[PDB]
Amino acid sequence: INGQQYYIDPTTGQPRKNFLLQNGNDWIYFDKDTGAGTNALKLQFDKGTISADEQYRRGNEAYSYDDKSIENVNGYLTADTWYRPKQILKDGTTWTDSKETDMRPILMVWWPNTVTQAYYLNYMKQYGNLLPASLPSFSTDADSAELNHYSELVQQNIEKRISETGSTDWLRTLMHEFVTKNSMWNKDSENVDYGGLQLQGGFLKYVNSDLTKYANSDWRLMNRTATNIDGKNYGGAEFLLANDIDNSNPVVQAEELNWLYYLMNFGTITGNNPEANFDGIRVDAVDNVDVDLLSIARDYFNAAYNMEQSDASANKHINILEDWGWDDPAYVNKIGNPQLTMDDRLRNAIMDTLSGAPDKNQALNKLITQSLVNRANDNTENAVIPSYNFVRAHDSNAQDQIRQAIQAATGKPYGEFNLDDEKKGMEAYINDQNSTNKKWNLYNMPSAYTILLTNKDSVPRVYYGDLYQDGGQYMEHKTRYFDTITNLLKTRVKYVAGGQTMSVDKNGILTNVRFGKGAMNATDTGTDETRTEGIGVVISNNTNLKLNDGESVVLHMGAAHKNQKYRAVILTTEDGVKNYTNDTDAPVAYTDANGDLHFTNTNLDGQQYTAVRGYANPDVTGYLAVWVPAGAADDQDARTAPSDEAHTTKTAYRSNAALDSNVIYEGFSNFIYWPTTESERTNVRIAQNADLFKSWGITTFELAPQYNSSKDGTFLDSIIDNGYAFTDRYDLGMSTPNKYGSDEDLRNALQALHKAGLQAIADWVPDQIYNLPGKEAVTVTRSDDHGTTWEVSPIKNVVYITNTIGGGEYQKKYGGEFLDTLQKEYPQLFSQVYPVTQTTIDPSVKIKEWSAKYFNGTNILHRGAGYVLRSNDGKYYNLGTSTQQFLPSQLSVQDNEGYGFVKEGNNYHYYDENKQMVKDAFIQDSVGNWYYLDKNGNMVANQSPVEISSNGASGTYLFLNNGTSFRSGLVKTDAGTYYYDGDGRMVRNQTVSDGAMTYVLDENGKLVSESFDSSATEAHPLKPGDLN
Ligand SMILES: [Ca+2]
């Protein structure tokens, strides 16, 4: 009984918020907070008179407008501002001239309106006991004489408590707790939304303004990715996470080169050790930065390593791209393949045919065609775009599914967890991994890895979490796939080479063949070394596969393999798979004179598990078998060395037998735990295991990003501290260990890898920086991940407090410091003109500390739309440093009386700063609502649509009973339902999205249909193909 009322939306099953229901002259407004219905709106525009008591009035004035007198950010005041008054009412009794240290909250003496003053009183009473807790609530409607009486009493009681406790800490805490309970001062006014790449619930893009000139930029060219160089197209999302670096600013670009050089010379610079440098880069978040960076990195590598000279030259520095967009490969190829594109068409073919559940996988035929490379008869070299490929990665079918397991095991929201939670989720995740029916883990990991590692024209990348359990100390526990995948890896070195043929038969069974080194076509007879090389693969994704009697699967081993003995590498069993790491006790099969192997529904020569049929177990759902020639020498190596012959084209990597001889190891998971001893340190264990990785044929070890985590908990990366979320770009376990160890552990890992003949990859992360400690006022607009204005947000060209100043001691020590050396050693880098900026990089300014001018924007910070304090008509308070000096009445000697919104008779008027009545104009109140004063200067409030032209612009508006322009919501009337946009104007004849909601309005503005996208409402796994 006695509950609230709501209007349940038919598509959300939840209350409509900010929704007006009208029936004749009667109405219910359903509120913003919970959608609870009311028919009594409060007047929001009322200030009410300053202290009539002159001792309070004069005593509470600001001592001065100096920086030290009034807490501020670039001269702007915030809800948290404390200030020095002329006098304090000491111990509640004795007006006393203030000391410099006598700071008091501005909210002790000032409120944006009477609504907030009443709420302040209620709060200070209930939670501060600064009024008798017995008092009834102050209604918004309370007159200013009553409100002022009780805020003066609160002031007395604050001063008594300051005297009795000898402290103001309690008051700092209490006032900030009040602040955060006001929607104008919290996330409720920030239009939280998780659509697209709003991973943290929304962005604020930085814009130029006379209000914040020190934060202006001539650059901020956004979304300028591979398919949007000129900005005339859509491009990738500029915005992703945290503070988005403006990589279109030429000074920032020089700094990215500076950092790049630092990474590539890390051991030299920090350890006097040229044996402890990185050899290549991974470019993080490619489709979220100015694509100029690909050419800047290219140019540096060309200058320092002469990449384009030959294959031997390029292959000494394997670089890779995190480039998700399906049109990226053509562009990467065009600029010279300076970093390897991924082949996302190929990975998605694997996802679609092998990695899903039995009732979900598609026909295997797609593996032949859906890729940068057609593999039906891949018999040529240097003919395709070179690329790398993978089955999983730290952020690909790992982090989202692991968070799903944690959520399932703990009941906590997606992404929220402590270390105990993480371990409990990991136990469930690993139990799932070892099940036949998997909820969170990919199926057919053995078959997926077989395709990965036997494909021609591909640099495969192995994922750490497929060899070792994702969560645990580094390499603490092996997965069930460790033996299978390391068997494939060693077999790949020894046998996998030459041409490829892939086919799928009428039973949907896939056959994959490699001929061995020296043979490219099925008809080639090969060389001496070809004979005991090559591989044959049989794959099905059909758990019910049954061949009729007399039906066979034929592997066409080719003309180099006539009348030859083969032995098994992997066979599928009832319970899993069997691995054979060499010829000993492996089952055998013989080719005929055409080079064909013949398998059927029956074991060959009484050898267990040589029949082809469907299985369903935790390894295989379908069928897998792999065969190689018997009798290879123990030291057989089918790989090809890169030629040092001069390139005839302007390319680094070429897709050929030498590039194919490389394997990348992504040597981390996000869910590595912090080590409990020095011995458990990831980089310590990497150094100790260099020869192990070599034995798998790893040629480049991709290390995690080594940057010390911000540990701010604002994204997964700064919860599990993987190194992608950092404040100091140059701090690689240097001020304190990273999760992987100290900078000495890192240099030791690089040196040990080099000693074993492996390369090491530096994760280059130019997109963003986290957790800068210095505040800066910036003019911003709430925007989507492409910087498109969020139409329903009031945050449009609004001053907001950002955290953009800082960068740590190592950015300060090293930022810009290698530019002079780079200019003298590689001068050509400084005269290149880049395609997006159409200019050179700009090394004339060193970045030693970041500030807002260098960023495109920020994730929303939950400070609230109105945190920066304003009066009526959009006017900002300011000390006078960033914009016109203007202080609240209570702090100045100016009297508020008769200015702003004023009642006369049954009407309200608005008087401007010259005390003149405003007519036929829109005017904003201090908390951001909008009003229209008509031709007579009367506030409009008739809740029936009204046509207004304001500066040659039509609009149909609706003004609620309290005068406020209704906006960003629906109105249901007797005649239909209507939608008013973020500017208060009725929408007609279109489809509009309002956050999670989509509404279709006909020519008359009537709602025809609506839909709900729940994923806009909270953090969520990113949908497959979201980023293609
Ligand atoms: Ca960006």
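Here are some notes:
- Rh by Kirkwood over Cα pairs, then Stokes-Einstein D for the range 869-941 at 0.890 mPa s and 25 °C, µm²/s: 188 µm²/s
- The GluC sites (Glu not before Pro) found in the range 893-947 that occupy coil by DSSP, while having at most 16 further C-beta atoms within 10 Å, are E897, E913.
- In the frame of its principal axes, the range 877-1028 has Cα extents of 61, 42, 27 Å, reported largest first.
- Spin-label model, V1000 to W95: label points 7 Å out along the Cα-to-beta-carbon direction sit 6.9 nm apart.
- Simple spin-label estimate for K506 and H1020 in nanometres, 7 Å along Cα-Cβ: 4.5 nm
- Applying 0.36 nm per residue to the separation of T788 and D1013 and subtracting their alpha-carbon distance, the gain on full extension is 79.1 nm.
- Gain in span if fully extended, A52 to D820, counting 0.36 nm per residue against the direct Cα distance: 269.9 nm
- Stokes-Einstein D for the range 498-650, Kirkwood Rh over Cα pairs, 4 °C, 1.567 mPa s (µm²/s): 79 µm²/s
- In this entry, the chain is assigned a mean projected area of 47.7 nm², taken as a quarter of its C-alpha convex hull surface.
- About its Cα centre, the chain has a charge dipole of approximately 480 debye under the convention of +1 per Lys or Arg Cβ and -1 per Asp or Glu Cβ, with nothing else charged.
- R0 of 41 Å, Cβ-Cβ distance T648-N272: FRET efficiency to nearest 0.05: 0.55
- DSSP-assigned coil residues among chymotrypsin sites (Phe, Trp or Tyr not before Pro) in the range 637-722, each with at most 16 further Cβ atoms within 10 Å: none
- Filter on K32/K1023; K546/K1023; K160/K903; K650/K824; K86/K796; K17/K775 - keep pairs with C-alpha separation over 27 Å: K32/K1023; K546/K1023; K160/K903; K86/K796; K17/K775
- Residues of type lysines that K423 reaches as a straight line, Cα spacing below 23 Å, ignoring anything fewer than 8 places off in the same chain: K412, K438, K439, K478, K711, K739
- Estimated FRET transfer efficiency (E551, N603; beta-carbon r; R0 22 Å; 0.05): 0.90
- Chymotrypsin sites (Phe, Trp or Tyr not before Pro) lying in DSSP loop within the range 207-285, provided at most 14 other Cβ fall within 10 Å: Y234
- Additional length obtainable on full extension of the chain from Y214 to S435, 0.36 nm per residue less Cα span: 73.7 nm
- Here's the list of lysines a cross-link from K565 could span, going by alpha-carbon distance under 24 Å and ignoring same-chain residues fewer than 8 apart: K456, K490, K494, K517, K578.
- Summary of the geometry: the range 24-93 and the range 799-841, compared by the centres of their Cα atoms, lie 44 Å apart.
- Where the Cα pairs of the range 759-902 fall when distances are cut into 10 Å bins, in %: 9, 25, 28, 21, 10, 5, 2, 0
- Cα convex hull, the range 828-912: 223 Å³ per residue, rounded to a whole number.
- Derived scalar couplings between HN and Hα for the range 78-91 equal 10, 3, 7, 4, 10, 9, 8, x, 4, 9, 10, 7, 4, 6 Hz in order, rounded to whole Hz, by the Karplus curve 6.51 cos²θ - 1.76 cosθ + 1.60 (θ = phi - 60°), x for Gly and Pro.
- Sites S139 and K423 - FRET efficiency at Förster radius 41 Å, r taken between beta-carbons, to 0.05: 0.20
- Around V207: net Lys/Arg minus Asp/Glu count, Cβ-Cβ under 10 Å: +3
- By the helix-only formula, in which each DSSP H run with n ≥ 4 contributes -39500 (n - 2.57) and the sum is divided by residues, the chain has a 222 nm mean residue ellipticity of -6000 deg cm²/dmol.
- Summarising the amide proton neighbourhood of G857: residues at separation of 5 or more, or on other chains, whose placed amide H is nearer than 5 Å comprise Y206, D244.
Rule-based calculations on the coordinates, nothing more; no lab input. FYI the Cβ positions are ideal-geometry reconstructions off the backbone, even for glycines, and counts take in every protein chain you see.
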